Amino acid sequence: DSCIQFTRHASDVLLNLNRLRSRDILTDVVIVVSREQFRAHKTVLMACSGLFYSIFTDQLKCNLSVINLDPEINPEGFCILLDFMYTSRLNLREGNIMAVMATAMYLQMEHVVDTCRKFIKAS
Amino acid sequence: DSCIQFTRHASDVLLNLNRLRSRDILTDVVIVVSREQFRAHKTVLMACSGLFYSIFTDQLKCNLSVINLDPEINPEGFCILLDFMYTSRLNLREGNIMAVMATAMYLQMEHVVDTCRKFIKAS
Amino acid sequence: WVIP
Amino acid sequence: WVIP
Ligand SMILES: CN(C)c1ncc(Cl)c(Nc2ccc3c(c2)CC(=O)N3)n1
Ligand SMILES: CN(C)c1ncc(Cl)c(Nc2ccc3c(c2)CC(=O)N3)n1
Ligand SMILES: [Cl-]
Ligand SMILES: [Cl-]
């Protein structure tokens, strides 16, 4: 086509979606990880995760307001990945890398799994 | 912080949100423009437009499944702007620029209004 | 704005 | 991935 493109548009959209999350605006699901609860937008979760994409395209699960993750999933690993989904920023540290990689493999977040594998190989 | 960043994340999120829109997945509102109806995600509309942001943060309007725009709004101008919201690409042409600028001013999409003003000034 |  |  003959379109023009606004370079910062996608980043600005994601920044505003994170502002809505921080104010709990139009969040339509609670993700339960052990005792911890995380409010989010189903669409953002689907856009970032192969697991949430499969869950919310399912005719029965698409209507659930509560999703419970596997008890093996670490709440801190999930929190770091949820923050990444809404910001493009991953808080990857020596003390959390194993929990982050395991959670990203479960959530099916291919690019996060790849950088965790590379950072682990380096050490 | 000591975060790492995935450059393509925001663009990949927006691309997936557009894929959900094209398949009509988790769309929660219909925008009526004259006779034409457009299905969309409230969160994406809010992230892109000052008008939708004001509408869906309103305690009564946040629950509406149908929003009717001012009858002066041109359906083609709205369609071009809705496509921009989900792609970062604006189909700006000599024959649509006036309708696009008027719709962007109404929707409060500041960056679109700025490029329309610049393209009009040049001609 | 750019030419994509 | 980059250092932002
Ligand atoms: C694959 N597909 C057509 C599609 N359409 C819409 C959405 Cl929201 C979606 N999201 C999704 C699926 C798989 C994966 C991801 C997002 C991230 C990932 O690593 N794998 N995937
Ligand atoms: C201004 N603010 C705190 C905020 N938070 C969340 C959202 Cl979704 C939002 N969106 C929005 C508001 C105003 C404008 C836009 C988006 C685009 C624009 O040109 N003006 N604005
Ligand atoms: Cl990823
Ligand atoms: Cl804009």
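Note that ligands are numbered from 1 as they come in the structure, with each ligand's atoms numbered from 1 the same way. So you know, we letter chains A, B, ... as the sequences are listed, proteins then strands, and number each from 1. Basis for what follows: all heavy atoms, side chains included, without hydrogens, waters or symmetry-related copies.
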**Prompt:** Can you list the residues that meet the side-chain contact (heavy atoms from CB on, under 4.5 Å) rule with A:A40, with sequence neighbours excluded?
**Reply:** A:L45, A:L82, A:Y86
**Request:** May I ask you to list the atoms of ligand 2 that are less than 4.0 angstrom from any heavy atom of A:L20?
**Result:** 6 (C), 8 (Cl)
**Fill in**
Per-atom filter on ligand 2: closer than 4.0 angstrom to a heavy atom of B:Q108 are 17 (C), 18 (C), 19 (O), 20 (N)
**Complete:** Closest to atom 3 (C) of ligand 1 (heavy atoms only, candidates A:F52, A:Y53, A:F56) is A:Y53
**Complete:** Sequence neighbours excluded, the answer for side chain to side chain donor-acceptor pair (under 3.5 Å) partners of B:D70 is none
**Prompt:** Hey, what's the ring geometry for C:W1 with A:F6, parallel, tilted or perpendicular (30° and 60° as the breaks)?
**Reply:** tilted
**Message:** Let me check something: do A:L15 and B:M46 share a hydrophobic cluster, defined by ILVMFWY side-chain heavy atoms less than 4.5 Å apart, either directly or through other members?
**Reply:** no
**Message:** When you measure from the side chain of A:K42 to the backbone of A:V29, do you find a donor-acceptor pair of N or O atoms at a distance under 3.5 Å?
**Reply:** no
**Prompt:** Can you find an N or O of B:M46 that's nearer than 3.5 Å to an N or O of ligand 2?
**Reply:** yes
**Asked** Is there at least one pair of N or O atoms, one from A:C48 and one from ligand 1, spaced under 3.5 Å apart?
**Response** no
